[PDB]
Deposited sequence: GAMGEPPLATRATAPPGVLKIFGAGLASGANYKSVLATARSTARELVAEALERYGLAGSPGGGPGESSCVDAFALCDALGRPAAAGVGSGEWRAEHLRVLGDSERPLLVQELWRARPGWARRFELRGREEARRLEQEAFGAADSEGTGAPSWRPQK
């Protein structure tokens, strides 16, 4: 429910940047957040080339990820699920093709 904040990790886009974080409501969509994230990373529809990812792995580099659909509400995705024990979990901003690959083979 609460109008929380989500760390969107910029796993290599601008050198130095670990994460930049956006405000998200319960109604905020993935595509809305991809748009605000790219703006905040410094990058008309270049949005469709980028993906919001639910990433997972041991604590780092991500061992598996999932590309959220554009309709999906990211605050709910983090609030209602959790990684399995001993695993870290963060939101990542990635090129859609990089992401769709890693979503298939890791």
property: Sequence ranges absent from the coordinates, based on the deposited chain and numbered from 1; result: 1-13, 57-66, 83-91, 139-156
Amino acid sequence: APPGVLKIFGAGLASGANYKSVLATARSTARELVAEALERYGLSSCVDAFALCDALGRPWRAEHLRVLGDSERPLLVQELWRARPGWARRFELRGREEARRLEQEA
From here on, numbers count along this sequence of modelled residues.
{"query": "Mean Cα B-factor comparison, 44-52 or 76-84, giving the higher one as deposited", "finding": "44-52"}
{"query": "Entry-reported Cα temperature factor of residue 22, expressed as the chain third it lands in", "finding": "lowest"}
